[PDB]
């Protein structure tokens, strides 16, 4: 089986260096050019760079985003290609894929498609520190009532790292609950929301409390959400 | 990217035929550089789908085909199957960038349930948050299919793009989809404007929600 195996992933501080080794097996490593591609969370593929095969000089070329910061090298005797990341910034955060450049011959020239892909390694660049969340009420009102049922929630804001869990009324209320995935704000902190649909008739008779648990900081927060009469 | 553009999402029923367009420029596809296509199944790594505009690797079924006309390329899936749900990416060399450029990607949905228009709820910054010198608007989208959507914000009618954070859809209890978007401001920015809007685009129709700082304080 033809395989590519990356390693070196983890959380690293902005401005530091990290080396990603990629080990090849099941094919003549020296006969192929090797190429690195990355993918930021929830985003598309972005080419990082590539190193030519040994018979063509092992020269390298880099994408403009990483030129002057990242380098690439190969060791044919160990069947490894490296991505040496230097002077890392928050927007280098991505999954890093090691890929092989094909040799399939076309009409007078060879193609250069990326025909084998590793499973990737996750590199995270962040300077954030552990911090429990702030829980804010999403107060229901006429503006959040869509004919009989009203929506109400809690905004779990400014926490690090993931994850949090949200329950309602200590897990007694489950019907109508949707908890959303978190966003990552530019400050480096996460924020998510949990909203529940309840009947408007019971808004002033039944109490609604959201229970937020952020184990990485040993905080639990219960917040009572009160209806706004407007 | 900008040099290679794809529709964010396309959908079709099983057995039908859909196309994903890769719109290039004269510095890449128009110049005659070959087009490549990659398929990324959910939670998996990309795999080579089409190389050299039209050739298929050994383990790629013939329902996939690719062409290119001048400055654009196309990927055709003739006979959609449920396992074809994936992100699809096109790729070409670009002489301007001197590098390997990608399209932004296209989410293919293989329709397995009726399409659903989305529901939207816009919550204002809470009193509790404003007292902490913070302000966030929460826009929650729910009950839509296929699981693709576009969120845009406006302040006083004019678009606003700074401070926007949006998640990707996820399955709900009824196997539909939901997503969320945030607009972060200062308490002063909030109070200064007269209206804010969340616009949710889905299947060529847009649903818009509006909150007012003077109302429900």
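Numbers and lists here come from the model and the stated rules, or from a named source; no laboratory instrument gave them. Virtual Cβ from ideal backbone geometry, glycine too; neighbours counted across all protein chains shown.
Of note:
- Filter result (assigned to a loop (DSSP other than H, G, I, E, B), in contact (Cβ under 8 Å) with a residue 12 or more places away in the chain and under 25 Å from the mean Cα position of the chain (by Cα)) within segment B:41-59: B:41, B:42, B:46, B:53
- Candidates B:38, B:33, B:93, B:89, filtered to the one that is surrounded by 14 or more Cβ atoms within 10 Å (Cβ to Cβ), touching a strand residue (DSSP E or B) at 6+ places or on another chain (Cβ under 9 Å) and in a loop (DSSP other than H, G, I, E, B): B:33
- Residue match in segment B:7-27 (condition: assigned to a strand (DSSP E or B), within 14 Å of chain A (Cβ to nearest Cβ) and surrounded by fewer than 21 Cβ atoms within 10 Å (Cβ to Cβ)): yes
- Counting only strands (runs of 3 or more DSSP E) that sit completely within segment A:106-193, those holding 1 or more residues that are within 10 Å of chain B (Cβ to nearest Cβ) correspond to A:114-117, A:134-138, A:149-159, A:177-179.
- Test: residue in segment A:56-63 that is away from every other protein chain (no Cβ under 14 Å) and touching a residue at least 40 places away in the same chain (Cβ under 8 Å): no
- Any hit, segment B:91-98, residues being free of Cβ contacts under 8 Å to residues at least 12 places away in the same chain, closer than 30 Å to residue A:113 by Cβ and assigned by CATH to the domain that holds residue B:34: yes
- All conditions but one from (1) closer than 28 Å to residue A:182 by Cβ; (2) surrounded by fewer than 21 Cβ atoms within 10 Å (Cβ to Cβ); (3) in the same structural domain as residue B:203 (by CATH) apply to residue B:138; the one that does not is (2).
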